[PDB]
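Quick notes on the structure that follows.
The figures that follow rest on heavy atoms only: side chains count, while hydrogens, waters and symmetry mates do not. The sequence lines fix the lettering, A, B, ..., with proteins before strands; numbering per chain opens at 1.
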Amino acid sequence: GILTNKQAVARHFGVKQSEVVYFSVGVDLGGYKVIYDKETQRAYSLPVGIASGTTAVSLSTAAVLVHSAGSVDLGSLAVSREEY
Amino acid sequence: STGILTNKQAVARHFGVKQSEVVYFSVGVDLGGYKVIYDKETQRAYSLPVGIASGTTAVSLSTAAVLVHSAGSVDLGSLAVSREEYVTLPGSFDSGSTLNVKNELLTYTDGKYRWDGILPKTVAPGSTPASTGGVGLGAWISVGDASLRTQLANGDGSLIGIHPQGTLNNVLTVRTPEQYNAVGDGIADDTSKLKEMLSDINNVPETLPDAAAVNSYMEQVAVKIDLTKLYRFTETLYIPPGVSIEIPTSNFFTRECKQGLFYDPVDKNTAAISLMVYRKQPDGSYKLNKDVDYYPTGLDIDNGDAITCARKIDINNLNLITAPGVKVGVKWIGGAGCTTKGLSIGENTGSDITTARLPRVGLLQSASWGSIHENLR
Amino acid sequence: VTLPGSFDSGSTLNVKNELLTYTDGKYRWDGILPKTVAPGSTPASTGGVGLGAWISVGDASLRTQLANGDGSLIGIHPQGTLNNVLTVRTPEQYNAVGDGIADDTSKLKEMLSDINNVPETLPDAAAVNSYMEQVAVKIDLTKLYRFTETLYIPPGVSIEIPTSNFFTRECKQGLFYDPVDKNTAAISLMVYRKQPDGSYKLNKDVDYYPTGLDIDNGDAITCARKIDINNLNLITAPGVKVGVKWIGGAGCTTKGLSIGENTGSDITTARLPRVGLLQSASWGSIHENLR
């Protein structure tokens, strides 16, 4: 279920299945390349350089991700990456 | 197991092919009939060339996606490039990355790029395409819409083909003040823009070491200028050598000048436009004449006291209006062999001459042997 | 959906959103479906590109369309497209180097040829006279082009440079004639001479000039008209016999034609010709401010 979705998202972005993480409060974001929002059913490339130990605080409907080390508008990152 | 089947589906839906058309790479697998191949180790998929005979089996698949099979070889990365089937790597030139396949793109602040050189390619953090090989064959190649927009915006027209052959940059040779964002309403002060436009053509220093120095400036590429709007300026413009000025038509007793130059200085005891003549200094150097009343004599030209820097200047329909009270319109000094057609000075503002936009003295000329003024108004 | 294969392999399109990859980008079929594409096909050989046929799709296709077009994809003000206003020609369109070092001869010749390609041999009077009834085109020379064989200007040509040389020490824009055989002319208009068999051959003899009589009795036929020169700068290697042969140019006009370079004090090494200009059979010809 979650594993097949990870496969689908991974193939869309060209990453490994293990490089996709689902958002949840407290989830560790270190090392993942793509994050998936199970509520909106949208995926986003993660900014590079998120250290192991950095956990997710919140993810808005506008794709603003707040975590331990700060925050990132995944929407803006996706635009820069032409991922629409 | 069932994971393989679901993965084939994900891949199939991505490329728009059938689930049965996806094959996993493995030494010895039959490649015949399949449309897409999947590398389970790198977890990357590639469209396969059409025409693989049935019974043809896989031999090896490199991390650069070069596939060797029983009937030959094929670079799947190159094929992917031709089919615009790309993978945008995480990160960017700023973060750094390592590319292994020809169909991998790295994001830069102005668009994406693929690497056309030797693979693998390592990009250190803080890099730019420029600092890591440059753009062009065998190096970085611009890819995608965002990259095309920025290239078009920051180029010279080389991306635009024209007839019978060649590109747009090959035929764009005229300059305009609009390239420098001049307002052209005869109200805003466009002086700095006009001066930059001229400097970009022939930038001659106001002070020069010797005669050889001043003379070198008459040996530069000449450029044509097109003035289609009205430009207000407030300091004397000095036309450098190698300049052609053009305007569609010449004014003739016009009440309201709409195209050309409008000189509106604080100090009216000056000239609107002047050619360049350098005067000898005590120390032996030369300074550009900036004195309104100065004009060089034949003697000066022989004494070395004056050196002209007015040559290869052509004027076509230049209209020059001036604020009332301005002393001189045009100082045609040292312009030997320089020519003029339809030069039109002054505006027929209205009945009262004291408020008309024309100068006290229209044109003052010296040291201009061989110059021709055709239909001067 | 980008179909497997390509135009090389051939394919069959069934839906409007299917793309077929070619060497310069992708295309969708805008005509009747299904559409069969035989192996070894090209968009141009299977319907052409345009409404109702192959339609270019995607960024790769856009790049090649723009790169090989005429500017018709670029809108301009107040209306129309870029190709509607691009009328001038330049040696740069033909990749001339323009440094006055490289031999740009074939490029210049190709530029002239693309305007009016006049054969050096013609059957009769009517044939040569036809080349004077062709569309005229303006040429802009903004760099310095070295060439090594006499250039023959065909009728219907306008040549301009931003300014005219004047006792110029180092020519930067114009033509520099630098041949092996210096007993030649740098530039010449076209005059055809009658042959024993009645046919006509282009004059390529440096000393030849047609007489009024020649033109009258058909011994010579001019192919020099509708030619206008504004500011052409022509310098040449020291020792070149003639700079410009203005022969048979009736009604042809010139303004600011500037011949020769003020290279240095030694006239023996100055880049100027022995004879600047030689003119005959050019009634009604006007040279304004010739240098």
Side-chain angles (χ1 to χ4, degrees), chain C residues 105 108-109 111-113 115-137 139 147-159 175 177 179 181-230 232 234 236 239-255 257-260 272-291:
Chain C
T105 307
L108 298 171
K109 289 194 162 170
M111 184 181 56
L112 293 174
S113 186
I115 295 174
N116 194 1
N117 187 7
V118 196
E120 306 199 351
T121 294
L122 288 156
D124 51 32
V128 313
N129 289 347
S130 77
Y131 298 92
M132 277 175 297
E133 314 293 340
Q134 237 42 56
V135 166
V137 176
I139 291 170
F147 72 113
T148 62
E149 284 165 359
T150 300
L151 284 177
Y152 295 83
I153 312 310
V157 169
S158 168
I159 298 179
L175 301 168
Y177 184 53
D181 182 356
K182 291 173 166 193
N183 208 255
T184 50
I187 306 285
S188 179
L189 300 185
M190 306 182 169
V191 177
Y192 285 76
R193 294 160 63 182
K194 190 161 130 293
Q195 303 299 288
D197 56 33
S199 63
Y200 282 83
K201 284 180 188 180
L202 173 68
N203 171 71
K204 298 218 275 190
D205 170 11
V206 65
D207 301 328
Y208 174 80
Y209 62 84
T211 64
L213 181 60
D214 282 342
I215 302 294
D216 289 331
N217 61 22
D219 281 8
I221 302 179
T222 184
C223 195
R225 95 174 26 138
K226 298 194 314 179
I227 288 159
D228 189 34
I229 298 306
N230 289 96
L232 165 67
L234 171 67
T236 203
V240 158
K241 203 181 198 175
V242 178
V244 173
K245 290 195 63 194
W246 204 257
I247 53 181
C252 292
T253 50
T254 260
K255 168 189 187 188
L257 170 63
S258 190
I259 296 164
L272 42 73
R274 296 169 50 201
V275 185
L277 179 140
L278 172 62
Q279 174 175 314
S280 84
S282 304
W283 42 89
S285 192
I286 315 308
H287 292 293
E288 302 278 7
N289 193 209
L290 167 64
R291 297 109 182 265

*Keeping the roles fixed (side chain from C/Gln195, backbone from C/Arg193), state whether a donor-acceptor pair exists under 3.5 Å.*
yes
*When rounded to the nearest 0.5 angstrom, what distance separates CZ in C/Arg225 from CE in C/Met190?*
14.0 Å
*Hey, is the main chain of C/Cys252 close enough, under 3.5 Å, to the side chain of C/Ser285 for a donor-acceptor pair?*
yes
*Between C/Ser130 (side chain) and C/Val128 (backbone), is there a donor-acceptor pair under 3.5 Å?*
no
*Taking the side chain as C-beta and beyond, is there a heavy-atom pair between C/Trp246 and C/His287 under 4.5 Å?*
yes
*Would you check if the side chain of C/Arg291 reaches a backbone N or O of C/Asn289 as a donor-acceptor pair within less than 3.5 Å?*
yes
_Quick check: closest heavy atoms across C/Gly243 and C/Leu234, and the distance to 0.1 Å?_
O-CD2, 3.5 Å
*Determine whether C/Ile229 and C/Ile153 make a side-chain contact, defined as any pair of heavy atoms from C-beta on separated by less than 4.5 Å.*
no
*Are any non-hydrogen side-chain atoms of C/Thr222 and C/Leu189 less than 4.5 angstrom apart?*
no
*Any sub-3.5 Å donor-acceptor pair from C/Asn116's side-chain atoms to C/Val157's backbone N or O?*
no
*C/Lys182 side, atom NZ; C/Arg274 side, atom CZ - distance, nearest 0.5 Å*: 10.5 Å
*asked:* Which heavy atom of C/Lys226 sits nearest to which heavy atom of C/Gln134, and what is that distance?
replied: NZ-O, 2.7 Å
_Quick check: closest heavy atoms across C/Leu112 and C/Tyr152, and the distance to 0.1 Å?_
CD1-O, 4.1 Å
_Inter-residue atom distance C/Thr150.OG1 - C/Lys245.NZ, 0.5 Å rounding_ = 8.5 Å
*Quick one: CD1 on C/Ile221 to CD1 on C/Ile215, what's the gap to the nearest 0.5 Å?*
8.0 Å
_Separation of C/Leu122 CG from C/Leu202 CG (nearest 0.5 Å)_ = 9.0 Å
*Backbone of C/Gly249 reached by a side-chain donor or acceptor of C/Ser282 within 3.5 Å*: yes
*asked:* For the CG atom of C/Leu232 and the CD1 atom of C/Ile259, what is their distance to the nearest 0.5 Å?
replied: 8.0 Å
*For residues C/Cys223 and C/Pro154, determine if any side-chain heavy atom of one lies less than 4.5 Å from a side-chain heavy atom of the other.*
no
_For C/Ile247 against C/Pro210, the heavy-atom pair lying closest together_ = CB-CD, 3.7 Å
*Please report the shortest heavy-atom distance between C/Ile115 and C/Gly156, naming the atom on each side.*
CG2-O, 3.7 Å
*Do side-chain atoms of C/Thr236 reach the backbone of C/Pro273 as a donor and acceptor pair under 3.5 angstrom?*
no
*asked:* If you apply the rule side chain to side chain contact (heavy atoms under 4.5 Å, CB included), what do you find for C/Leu108 with C/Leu175, and how did you get there?
replied: CA-CA 10 Å; C/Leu108 298 171; C/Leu175 301 168; 3.9 Å; yes
_Using the rule given for side chain to side chain contact (heavy atoms under 4.5 Å, CB included), can you reason through C/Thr184 versus C/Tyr177, listing the C-alpha separation, both sets of side-chain angles and the distance that settles it, and then say yes or no?_
CA-CA 10 Å; C/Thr184 50; C/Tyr177 184 53; 2.6 Å; yes
*Sort and list the pairs that fulfil side-chain hydrogen bond (donor to acceptor under 3.5 Å, both in side chains) and have at least one residue in residues 206-215 of chain C, not counting sequence neighbours.*
C/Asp207-C/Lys241, C/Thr211-C/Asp214
*So do the side chains of C/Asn183 and C/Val206 get within less than 4.5 Å of each other, counting heavy atoms only?*
yes
*Just do the side chain to side chain contact (heavy atoms under 4.5 Å, CB included) check on C/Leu257 and C/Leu277 with the steps written out, would you?*
CA-CA 10 Å; C/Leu257 170 63; C/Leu277 179 140; 4.2 Å; yes
*For the residue pair C/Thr121 and C/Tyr192, what are the closest heavy atoms and their distance?*
N-CE2, 4.4 Å
